[PDB]
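Each remark here refers to the structure printed beneath this line.
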Amino acid sequence: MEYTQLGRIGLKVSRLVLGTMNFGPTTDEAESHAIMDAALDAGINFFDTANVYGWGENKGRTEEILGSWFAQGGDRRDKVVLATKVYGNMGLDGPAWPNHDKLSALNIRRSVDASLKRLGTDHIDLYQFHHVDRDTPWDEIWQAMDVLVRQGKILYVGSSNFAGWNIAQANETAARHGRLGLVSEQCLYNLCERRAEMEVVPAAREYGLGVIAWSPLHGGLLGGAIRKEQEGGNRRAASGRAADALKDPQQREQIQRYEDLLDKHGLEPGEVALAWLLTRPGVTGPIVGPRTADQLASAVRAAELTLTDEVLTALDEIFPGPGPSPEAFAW
Amino acid sequence: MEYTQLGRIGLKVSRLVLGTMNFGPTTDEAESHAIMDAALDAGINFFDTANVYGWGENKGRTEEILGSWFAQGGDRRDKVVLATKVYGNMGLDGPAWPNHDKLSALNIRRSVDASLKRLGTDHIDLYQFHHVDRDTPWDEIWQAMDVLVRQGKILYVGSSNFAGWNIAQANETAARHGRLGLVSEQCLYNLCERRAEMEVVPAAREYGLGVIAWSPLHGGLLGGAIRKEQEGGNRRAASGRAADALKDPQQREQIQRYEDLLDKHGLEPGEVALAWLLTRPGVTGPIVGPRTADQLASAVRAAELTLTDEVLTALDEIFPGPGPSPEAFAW
Amino acid sequence: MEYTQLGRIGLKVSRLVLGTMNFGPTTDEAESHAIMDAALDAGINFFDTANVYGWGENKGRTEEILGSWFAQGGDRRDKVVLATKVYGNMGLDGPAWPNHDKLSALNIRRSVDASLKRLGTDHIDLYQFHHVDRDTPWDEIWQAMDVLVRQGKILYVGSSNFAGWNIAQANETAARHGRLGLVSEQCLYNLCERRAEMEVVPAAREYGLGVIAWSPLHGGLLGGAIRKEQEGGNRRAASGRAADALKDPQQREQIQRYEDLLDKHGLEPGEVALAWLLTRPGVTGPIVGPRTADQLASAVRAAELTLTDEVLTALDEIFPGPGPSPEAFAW
Amino acid sequence: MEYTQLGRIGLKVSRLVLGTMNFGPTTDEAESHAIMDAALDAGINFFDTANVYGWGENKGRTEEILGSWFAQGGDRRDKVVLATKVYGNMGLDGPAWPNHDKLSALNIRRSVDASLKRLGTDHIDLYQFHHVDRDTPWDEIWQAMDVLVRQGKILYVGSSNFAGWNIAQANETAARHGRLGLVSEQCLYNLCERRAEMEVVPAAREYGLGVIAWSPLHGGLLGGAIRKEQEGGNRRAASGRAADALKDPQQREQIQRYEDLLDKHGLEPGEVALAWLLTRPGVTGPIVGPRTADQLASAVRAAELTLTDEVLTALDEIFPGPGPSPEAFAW
Amino acid sequence: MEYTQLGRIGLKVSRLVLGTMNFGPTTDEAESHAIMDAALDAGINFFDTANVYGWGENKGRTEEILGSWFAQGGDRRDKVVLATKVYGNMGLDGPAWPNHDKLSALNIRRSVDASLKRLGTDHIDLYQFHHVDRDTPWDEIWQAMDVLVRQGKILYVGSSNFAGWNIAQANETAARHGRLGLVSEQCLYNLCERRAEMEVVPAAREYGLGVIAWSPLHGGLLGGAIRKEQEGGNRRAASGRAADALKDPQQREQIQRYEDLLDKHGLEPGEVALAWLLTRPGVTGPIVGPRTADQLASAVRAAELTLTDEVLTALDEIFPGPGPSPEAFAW
Ligand SMILES: NC(=O)c1ccc[n+]([C@@H]2O[C@H](COP(=O)([O-])OP(=O)(O)OC[C@H]3O[C@@H](n4cnc5c(N)ncnc54)[C@H](OP(=O)(O)O)[C@@H]3O)[C@@H](O)[C@H]2O)c1
Ligand SMILES: NC(=O)c1ccc[n+]([C@@H]2O[C@H](COP(=O)([O-])OP(=O)(O)OC[C@H]3O[C@@H](n4cnc5c(N)ncnc54)[C@H](OP(=O)(O)O)[C@@H]3O)[C@@H](O)[C@H]2O)c1
Ligand SMILES: NC(=O)c1ccc[n+]([C@@H]2O[C@H](COP(=O)([O-])OP(=O)(O)OC[C@H]3O[C@@H](n4cnc5c(N)ncnc54)[C@H](OP(=O)(O)O)[C@@H]3O)[C@@H](O)[C@H]2O)c1
Ligand SMILES: NC(=O)c1ccc[n+]([C@@H]2O[C@H](COP(=O)([O-])OP(=O)(O)OC[C@H]3O[C@@H](n4cnc5c(N)ncnc54)[C@H](OP(=O)(O)O)[C@@H]3O)[C@@H](O)[C@H]2O)c1
Ligand SMILES: NC(=O)c1ccc[n+]([C@@H]2O[C@H](COP(=O)([O-])OP(=O)(O)OC[C@H]3O[C@@H](n4cnc5c(N)ncnc54)[C@H](OP(=O)(O)O)[C@@H]3O)[C@@H](O)[C@H]2O)c1
């Protein structure tokens with residue numbers, strides 16, 4: 001396993017981050033536990049989850065599944081850098097009761113306690129804002145996070161779905177009063193969606209945040225979804241983001257040229273998409289979303305893959321990116 | 001003439017900013033002087049220029065044309081908020097001698113003295129960085145600008161062609177030591193190019209910066225370029241940014257839709273493109289680029305236009321924007 | 001003559017401040033100079049003026065009258081604490097040209113140089129904001145005033161017509177970065193108008209500001225205006241603030257009881273109104289507004305007067321005050 | 001017993017520091033307890049240990065031996081300034097699992113709780129970084145240590161095996177936000193290795209850190225290891241740093257001239273090496289590493305020794321040092 | 001010519017720095033002027049000098065030689081980053097009159113004015129402390145430098161012959177109050193003397209200082225001095241640092257190994273020693289000290305040299321370095 005520092009901080013993480021969103025609604029508990037043990041066996045020490053994972057009536061299920069995994073012993077908790085999230089409504093889906101979503105100090109207090117209980121642990125290593133909350137100012141947010149740091153309930157704070165200027169404002173505010181700022185940003189970044197290159201990744205690099213890419217396969221769309229389109233099973237690529245893209249002709253053409261490109265070179269689409277993120281400057285790693293143990297082993301092979309300059313140049317022509325602002329739209 | 005504060009600061013400006021880029025390479029000194037006289041007569045108090053305007057061997061020409069205008073007296077200098085720019089290479093076009101472009105304290109010192117000399121004035125009201133310089137840190141930049149403030153050579157500092165996160169870093173750094181930060185950002189923003197909406201204008205709004213939109217007509221492309229395409233004269237729409245667009249079938253189709261829409265509503269294309277910027281949240285105003293006194297009078301009418309909701313919705317249809325990050329590309 | 005520190009600072013001032021607003025529009029130059037000579041002879045070392053004094057086409061005349069008085073030599077400038085003001089429109093009466101009124105760094109730059117030219121002096125001791133400007137933030141204002149301090153063009157900064165919370169925000173902002181804040185507030189305070197007791201004077205006292213009361217006779221209303229009502233001449237009491245009040249039966253009765261009370265006690269109404277202000281806690285002193293040299297001598301006698309508890313109690317009955325907020329309107 | 005302040009802080013310490021590295025792997029529990037009772041009887045109030053001491057499969061053993069010593073009662077814990085360390089891998093020897101070594105907030109949290117449990121105490125008086133960790137920034141480190149300070153788990157923070165500029169950076173960062181910085185540096189310093197004089201000790205003295213010298217006899221080499229080379233026993237000088245130095249004829253000769261010089265002066269080599277350290281400016285004292293009660297008594301005699309200038313000169317000729325940078329290598 | 005940023009700041013400099021110490025005592029004025037024109041022609045934009053250069057009764061002569069060079073016109077001053085130095089005694093050689101050497105605010109004021117006059121310029125781009133002054137505190141030094149920055153007499157401040165911890169203390173102190181810190185350290189660093197690697201270069205790199213190496217050929221010792229040993233000319237290698245080294249058998253043996261090695265590879269000793277420094281991480285460049293225009297051309301060739309791994313390995317065996325502290329002397 002390749003390791004790296006999480007941005008500027010002293011925390012060392014595997015360059016594959018184990019995502020757990022499938023655990024519960026797509027992968028059942030026993031298989032979820034098998035994936036996590038396999039992940040630890042391959043040297044992955046960085047697990048991402050969220051309080052909302054499980055979905056609908058089953059929100060919190062994923063954190064519970066991790067909690068029973070930890071309760072097996074064997075230094076599982078001690079070996080894992082455990083990350084979860086606050087922002088989402090944990091009540092009935094639909095409009096939330098006021099302050100039962102977003103980032104008020106009130107919702108931060110109640111959300112972290114509920115996550116700690118479900119996870120069966122006295123601390124979260126990386127507590128992440130699931131999304132920017134424009135209505136909560138940074139002196140309120142850092143007040144609340146600092147309470148948790150001092151109480152030993154969290155170690156580090158991270159962001160997710162921030163704009164680049166939110167990262168700058170957050171960490172400048174933290175720095176003025178001696179607080180450790182955001183240590184990482186979890187943003188949507190993959191071959192199909194590269195606009196985090198404009199400002200999110202540049203701001204993260206300047207401020208020394210790790211960068212971890214969620215939906216690195218665009219929800220399975222980059223996993224060989226065309227070749228597999230008629231297959232059954234409970235596959236994520238049959239729904240949501242991937243199925244939406246495949247209905248659209250120009251995006252379908254993109255994935256078709258992508259799967260054709262990799263047929264020529266004899267490479268696997270899921271593995272190449274992960275390996276491609278590992279080449280992008282500033283990227284700590286993809287957050288892999290295995291549904292099965294074989295998909296985890298596939299991600300592990302993806303981390304050992306070297307893409308040639310030919311393949312990298314060809315991917316760039318199929319999936320151009322904007323580069324940074326202001327050059328991306330001005331000069 | 002409608003006035004507004006420039007973002008959060010005490011300076012009041014006309015919502016039309018007079019751009020001077022045409023003065024010299026496209027508009028001669030005599031017509032330039034008349035345009036500026038008409039600008040003052042119409043209540044426009046805010047002029048934008050740059051050291052490099054003039055182009056090629058005539059870099060600095062524009063500042064000199066403004067200087068001979070001020071030298072005529074009549075309270076012209078006292079009435080005008082004078083903005084200019086540093087970053088550009090003022091030597092022979094091509095690779096600059098080291099530190100003769102960009103934002104080192106060395107180049108700021110020599111550039112500001114050259115501009116004051118050409119402009120024939122002892123102070124610049126708004127001194128702007130022409131572009132982000134990723135290699136100069138903000139404590140060096142704010143040191144150099146603070147020397148100029150305390151010497152009385154400049155009043156305010158502004159940015160141009162920044163990323164949103166550069167605005168945040170700049171003003172947070174300035175605030176740690178009680179310096180007035182950036183007061184305005186001058187960015188490309190018009191019907192044709194709306195990606196400043198993702199992060200640049202959001203960051204400017206959070207930090208209380210004015211937002212002044214350069215090339216509000218995309219270089220004359222939105223001024224009725226199709227209807228005018230076969231005309232003679234020294235037209236900006238006949239070259240550069242506008243000519244390249246009218247070559248691409250889809251960008252041309254976009255502009256054809258625009259010109260056809262406005263013919264059904266009795267509106268002029270250049271006036272609508274300016275009036276549209278004036279409706280955008282956080283926009284101080286467009287930096288108009290008249291080539292003729294007639295075109296300046298047209299802009300003054302544009303500032304009095306009220307666009308109906310039907311025209312605004314139709315324009316959104318032809319010229320969609322991305323809105324803010326992270327929603328623009330994630331959720 | 002009684003001297004006191006101006007609030008918390010080391011400057012020592014006479015408890016009578018010489019107001020000059022009459023000098024020009026009401027008192028001619030010759031007698032203006034006479035009043036100033038007699039003021040200095042009585043030990044008054046603190047003169048208040050403004051760039052706009054003179055009024056209409058003659059704005060700046062008062063400063064020019066002071067200029068020619070200092071020009072006579074005699075250690076006059078060295079012996080006087082010279083205070084003037086920035087904010088007002090120095091152009092034609094009516095809507096001002098943008099940034100030719102208010103408190104932008106731009107208007108501060110141009111106003112102080114024109115005041116120094118008219119006064120014939122290289123520095124102003126106390127440079128006062130004529131009025132709060134809600135559109136200019138304090139980091140911009142303190143930037144501009146710091147330039148003046150460091151250039152030696154001013155010594156101290158004071159306010160006029162501020163709200164109490166403006167005084168707090170201004171001096172907290174200055175203190176943050178090691179600037180000396182406002183040293184004095186010049187507010188309307190007299191027997192007829194006591195609402196400065198609510199917040200302005202409490203905030204001034206908390207922050208250690210001098211308090212100097214403008215129109216201490218309410219524009220002559222408290223100077224015997226009813227007794228003198230039928231006399232001709234260009235008396236201030238005939239017009240403006242005093243005229244309006246006397247046309248109101250409720251306020252006219254107040255003044256009638258006032259003048260009758262002091263007739264019974266053998267006291268002069270002008271002198272009593274000044275002595276009253278000198279008893280108020282936090283008040284440095286009144287800014288007297290003599291129209292004649294006799295009225296100046298009267299002010300000097302007011303500063304030697306001791307008002308009995310009986311007279312003070314009776315004045316309180318005729319001219320009740322609100323006291324401080326929140327008690328003034330809540331509990 | 002001579003006492004001194006630990007650098008600039010209020011803590012008073014014996015100029016002999018009791019090192020505990022031998023307790024467990026070299027000296028058994030009952031003899032270790034005997035030495036610690038004798039240390040206290042001698043007035044030594046300052047004990048140094050580490051989580052890793054005990055070595056190999058027995059890491060943590062030394063802390064347990066001190067824990068059983070404290071558990072005897074008798075005001076032993078109340079009388080002792082207890083120092084331990086964080087940084088070392090406490091797992092199986094080899095490369096550590098990520099974040100189970102070094103100075104991340106994660107490893108600091110897990111290491112201190114493990115040490116407190118082994119030591120059987122609720123607080124550590126001096127918690128030391130065992131080595132600089134170049135990948136962890138000082139705002140992460142000080143956040144972590146400040147959590148422990150505010151929870152009462154530690155009192156002071158110290159460093160060990162730092163460069164001089166690490167000390168400066170650490171304490172400047174601490175001071176910015178009012179944290180007490182490093183109070184001591186534990187560095188390798190003895191007659192054989194004097195390069196801490198170049199920058200480590202000068203930086204410590206500038207920032208007012210104590211300087212406590214580890215391996216003061218260079219692992220037993222300066223304790224008469226030539227004369228005793230044929231001796232048997234679990235001797236430290238028979239292995240490690242000392243045995244290496246004697247395999248090398250070039251420094252073997254240095255030890256020979258040293259043992260010869262002290263033969264002539266009737267002095268004990270172990271005692272002289274400690275007494276020499278007590279003469280060095282800025283040195284709090286040496287960390288003695290007795291294997292036996294008798295070597296502790298010998299160290300106590302060493303602290304009462306007076307080395308004549310004759311001997312100091314001769315020692316400085318056998319064992320020259322570089323003095324401070326930049327003079328040590330430039331001018 | 002290769003260019004690089006000077007550490008973290010926006011200043012771009014040639015990776016060859018032209019040293020001027022030879023100009024005067026070794027190279028006469030005419031050929032000094034020729035070398036400087038040749039340097040500019042080659043694209044070298046960064047000149048180093050000092051007030052004392054000239055030596056003895058001719059101290060200041062080197063600055064005058066640069067002054068007459070600038071006075072020729074030709075954009076010479078505008079194109080050059082001009083560095084000079086303060087600390088040295090400018091009076092009669094011997095013990096200095098108090099405050100006529102070292103870094104008191106008093107000596108800094110008088111030294112900079114003398115240097116500006118001799119240089120014939122109104123500003124120094126990079127004003128450097130010639131040596132650490134342990135007796136002057138950093139708030140005194142930064143006050144003096146800030147006076148010069150705000151007066152426009154200097155732009156940047158640099159250090160020379162500092163210890164690593166001095167760099168840290170200097171820049172932390174500067175940053176506390178918004179001052180730009182040291183931008184560069186000028187230290188002795190070459191194949192013969194590598195102890196700047198222990199702590200000076202690491203501190204410089206951490207704090208983002210440029211590193212410019214003085215006497216990069218060890219005063220000519222590395223320029224072929226054994227092969228040239230019996231030659232005439234006013235050769236720097238015939239005296240001083242290089243001559244004393246060739247006296248010592250161990251040191252002479254090292255240079256012999258060097259020259260013999262390069263004969264086997266068809267490389268020149270002066271050029272290799274320069275090219276070697278350009279490979280060292282964190283080194284901005286060597287400060288070349290040509291005696292002739294031919295030696296300047298040879299340095300320019302050295303900047304285009306690529307040293308093979310074989311040669312770099314062989315040089316490291318001849319000229320081992322200590323690497324960073326604490327590992328250099330501890331672990
Ligand atoms: N911060 C946020 O807003 C956010 C949002 C979403 C996710 N996340 C995090 O990012 C993690 C991953 O997101 P994701 O599940 O959407 O990632 P993804 O990799 O885009 O999608 C997962 C799907 O890709 C396929 N796949 C996975 N590994 C593969 C492989 N080695 N080869 C071929 N196909 C493979 C599987 O598709 P099939 O099922 O069709 O076989 C799998 O269910 C989540 O677990 C969560 O921790 C964060
Ligand atoms: N900060 C930067 O990087 C940057 C870059 C560019 C410009 N600027 C600034 O922004 C200012 C404006 O830039 P620009 O000149 O490109 O503006 P623009 O308005 O996009 O282009 C100017 C052209 O639009 C046409 N036009 C202007 N006013 C019109 C009207 N009322 N009705 C119809 N057509 C009209 C004319 O084209 P025809 O000649 O074809 O008639 C005119 O020459 C410049 O003067 C400069 O100050 C800044
Ligand atoms: N900061 C602001 O916004 C502001 C506003 C107004 C004034 N000020 C300052 O405050 C100063 C005083 O204002 P003001 O002129 O309105 O003062 P005032 O004392 O309220 O009114 C002046 C008039 O009162 C009469 N008077 C003056 N002294 C007298 C005395 N000893 N006995 C009897 N009557 C006397 C005269 O009225 P008759 O002519 O009827 O005899 C005189 O013209 C001004 O000079 C100016 O410096 C500041
Ligand atoms: N921070 C770090 O990196 C680090 C590293 C090492 C140590 N330390 C600390 O520094 C302490 C001392 O280290 P150390 O054990 O290596 O010290 P040391 O004094 O250099 O070596 C100990 C050995 O010196 C001999 N000795 C001790 N006292 C003597 C005396 N009075 N007369 C003659 N010989 C004597 C004994 O050797 P024989 O057994 O051969 O008789 C003893 O085992 C440790 O206990 C530990 O607390 C810290
Ligand atoms: N901050 C300080 O304390 C300090 C101290 C000293 C110097 N400096 C600065 O560092 C600069 C350089 O120092 P330095 O003069 O001692 O440099 P140096 O390069 O170590 O010594 C100069 C000598 O090396 C020889 N040489 C130079 N270039 C050569 C080449 N391309 N090929 C072969 N030989 C070459 C010449 O020796 P021969 O004459 O024998 O031919 C020349 O006189 C000085 O000018 C000064 O700016 C600073």
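Going through the structure tokens in order, the chains are called A, B, and so on, while each chain numbers its residues from 1 and the ligands are numbered from 1 in the order shown.
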What are the residues of chain B lining chain A at 10 Å or less? Count only C-alpha atoms, and put the answer as a PyMOL selection string. chain B and resi 131-132+134+160-173+176+187-189+193-196+198-200+202-204+206-207+324-331
For N, CA and C atoms, I'd like the residues from the last selection saved as a tab-separated table (two decimals), in the first residue's frame.
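Everything below was put into again.tsv:
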chain	number	residue	atom	x	y	z
B	131	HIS	N	-3.68	40.67	-12.53
B	131	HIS	CA	-3.80	39.22	-12.58
B	131	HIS	C	-3.21	38.70	-11.28
B	132	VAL	N	-3.71	37.55	-10.84
B	132	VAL	CA	-3.08	36.89	-9.71
B	132	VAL	C	-1.66	36.51	-10.10
B	134	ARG	N	0.81	33.88	-8.56
B	134	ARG	CA	0.89	32.81	-7.58
B	134	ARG	C	2.24	32.73	-6.89
B	160	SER	N	-7.80	41.92	-10.01
B	160	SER	CA	-8.40	41.64	-11.31
B	160	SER	C	-7.93	40.27	-11.75
B	161	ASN	N	-8.83	39.49	-12.35
B	161	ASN	CA	-8.50	38.13	-12.76
B	161	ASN	C	-7.88	37.35	-11.60
B	162	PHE	N	-8.60	37.37	-10.48
B	162	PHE	CA	-8.31	36.54	-9.32
B	162	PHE	C	-9.25	35.35	-9.30
B	163	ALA	N	-8.82	34.30	-8.62
B	163	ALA	CA	-9.74	33.27	-8.16
B	163	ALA	C	-10.38	33.68	-6.84
B	164	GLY	N	-11.56	33.13	-6.56
B	164	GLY	CA	-12.25	33.46	-5.31
B	164	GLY	C	-11.38	33.26	-4.09
B	165	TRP	N	-10.65	32.15	-4.05
B	165	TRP	CA	-9.83	31.86	-2.88
B	165	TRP	C	-8.66	32.83	-2.76
B	166	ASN	N	-8.18	33.42	-3.87
B	166	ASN	CA	-7.16	34.46	-3.77
B	166	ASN	C	-7.71	35.70	-3.08
B	167	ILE	N	-8.98	36.04	-3.34
B	167	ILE	CA	-9.62	37.18	-2.69
B	167	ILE	C	-9.68	36.95	-1.19
B	168	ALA	N	-10.03	35.72	-0.78
B	168	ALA	CA	-10.14	35.42	0.64
B	168	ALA	C	-8.77	35.47	1.31
B	169	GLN	N	-7.77	34.82	0.72
B	169	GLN	CA	-6.42	34.86	1.30
B	169	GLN	C	-5.91	36.28	1.40
B	170	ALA	N	-6.12	37.08	0.35
B	170	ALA	CA	-5.65	38.46	0.34
B	170	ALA	C	-6.26	39.26	1.49
B	171	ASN	N	-7.58	39.22	1.62
B	171	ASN	CA	-8.21	40.09	2.61
B	171	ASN	C	-8.06	39.55	4.03
B	172	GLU	N	-7.96	38.23	4.20
B	172	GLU	CA	-7.66	37.72	5.54
B	172	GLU	C	-6.27	38.15	5.98
B	173	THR	N	-5.30	38.08	5.08
B	173	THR	CA	-3.93	38.48	5.42
B	173	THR	C	-3.88	39.96	5.77
B	176	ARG	N	-5.37	40.69	9.38
B	176	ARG	CA	-4.58	40.34	10.56
B	176	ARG	C	-3.80	41.53	11.08
B	187	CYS	N	-13.50	41.33	-12.95
B	187	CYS	CA	-13.43	40.01	-13.55
B	187	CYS	C	-14.25	39.98	-14.85
B	188	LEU	N	-13.88	39.06	-15.71
B	188	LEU	CA	-14.64	38.81	-16.92
B	188	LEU	C	-15.99	38.22	-16.54
B	189	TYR	N	-17.06	38.89	-16.97
B	189	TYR	CA	-18.42	38.48	-16.62
B	189	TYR	C	-19.36	39.14	-17.61
B	193	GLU	N	-19.91	34.64	-20.86
B	193	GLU	CA	-18.99	33.97	-19.94
B	193	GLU	C	-19.48	34.23	-18.51
B	194	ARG	N	-20.10	33.23	-17.89
B	194	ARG	CA	-20.73	33.42	-16.59
B	194	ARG	C	-20.01	32.64	-15.50
B	195	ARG	N	-18.87	32.02	-15.79
B	195	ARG	CA	-18.26	31.15	-14.79
B	195	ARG	C	-17.66	31.93	-13.61
B	196	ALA	N	-17.60	33.26	-13.65
B	196	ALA	CA	-17.26	34.01	-12.44
B	196	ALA	C	-18.30	33.79	-11.34
B	198	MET	N	-19.32	30.95	-10.20
B	198	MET	CA	-19.06	29.75	-9.40
B	198	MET	C	-18.42	30.08	-8.05
B	199	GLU	N	-17.36	30.88	-8.07
B	199	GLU	CA	-16.59	31.19	-6.87
B	199	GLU	C	-16.07	32.62	-6.80
B	200	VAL	N	-15.79	33.27	-7.92
B	200	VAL	CA	-15.19	34.61	-7.86
B	200	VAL	C	-16.18	35.60	-7.27
B	202	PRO	N	-19.16	34.92	-5.64
B	202	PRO	CA	-19.43	34.55	-4.24
B	202	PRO	C	-18.37	35.00	-3.25
B	203	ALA	N	-17.09	34.79	-3.53
B	203	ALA	CA	-16.04	35.22	-2.59
B	203	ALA	C	-16.00	36.73	-2.45
B	204	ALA	N	-16.08	37.46	-3.57
B	204	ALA	CA	-16.12	38.91	-3.51
B	204	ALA	C	-17.28	39.38	-2.65
B	206	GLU	N	-18.83	37.79	-0.16
B	206	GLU	CA	-18.59	37.51	1.25
B	206	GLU	C	-17.62	38.51	1.85
B	207	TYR	N	-16.59	38.89	1.10
B	207	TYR	CA	-15.59	39.80	1.63
B	207	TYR	C	-15.91	41.26	1.37
B	324	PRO	N	-23.30	29.01	-8.11
B	324	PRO	CA	-22.14	28.84	-7.23
B	324	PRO	C	-21.70	27.39	-7.09
B	325	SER	N	-20.39	27.22	-6.85
B	325	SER	CA	-19.83	26.00	-6.31
B	325	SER	C	-20.17	25.91	-4.82
B	326	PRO	N	-20.30	24.69	-4.28
B	326	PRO	CA	-20.08	23.40	-4.94
B	326	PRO	C	-21.29	22.89	-5.75
B	327	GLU	N	-22.44	23.56	-5.60
B	327	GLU	CA	-23.65	23.11	-6.28
B	327	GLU	C	-23.45	23.03	-7.79
B	328	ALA	N	-22.63	23.91	-8.35
B	328	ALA	CA	-22.43	23.95	-9.80
B	328	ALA	C	-21.96	22.62	-10.38
B	329	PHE	N	-21.23	21.81	-9.61
B	329	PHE	CA	-20.69	20.54	-10.13
B	329	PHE	C	-20.87	19.35	-9.20
B	330	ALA	N	-21.30	19.56	-7.96
B	330	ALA	CA	-21.53	18.46	-7.03
B	330	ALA	C	-23.00	18.46	-6.61
B	331	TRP	N	-23.30	18.86	-5.38
B	331	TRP	CA	-24.69	19.03	-4.93
B	331	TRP	C	-24.78	20.11	-3.85
Site check for ligand 3: residues at most 6 Å away, only C-alpha atoms and all ligand atoms, as a VMD selection string: chain C and resid 19 to 22 48 to 49 130 160 186 214 to 220 223 235 to 237 270 to 271 287 to 291 295 to 296 298 to 299
Residues at most 7 Å from residue 318 in chain A, counting only C-alpha atoms, excluding those fewer than 3 positions away in the same chain, as a PDB file with N, CA and C atoms, in the first residue's frame?
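Saved the output as selection30.pdb:
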ATOM      1  N   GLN A 254     -18.946   9.466 -24.505  1.00  0.00           N
ATOM      2  CA  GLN A 254     -17.699   9.599 -23.757  1.00  0.00           C
ATOM      3  C   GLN A 254     -17.294   8.280 -23.125  1.00  0.00           C
ATOM      4  N   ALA A 314      -4.554  10.296 -23.825  1.00  0.00           N
ATOM      5  CA  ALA A 314      -5.810   9.916 -24.459  1.00  0.00           C
ATOM      6  C   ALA A 314      -6.997  10.170 -23.542  1.00  0.00           C
ATOM      7  N   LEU A 315      -6.856   9.839 -22.253  1.00  0.00           N
ATOM      8  CA  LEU A 315      -7.922  10.137 -21.301  1.00  0.00           C
ATOM      9  C   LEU A 315      -8.205  11.623 -21.276  1.00  0.00           C
TER      10      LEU A 315
END
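Residue nearest residue 55 in chain C, chosen from C:293, C:302, C:226, C:90 and counting only C-alpha atoms: C:90.
Among the candidates B:275, B:225, B:105, B:311, the one nearest to ligand 2 when counting only C-alpha atoms and all ligand atoms is B:225.
Between ligand 2 and the candidates B:258, B:47, B:127, B:69, the tightest atom-to-atom separation, counting only C-alpha atoms and all ligand atoms, involves B:47.
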Residue contacts of residue 144 in chain D (9 Å, only C-alpha atoms) excluding same-chain residues fewer than 5 positions away, as a count of residues only: 10
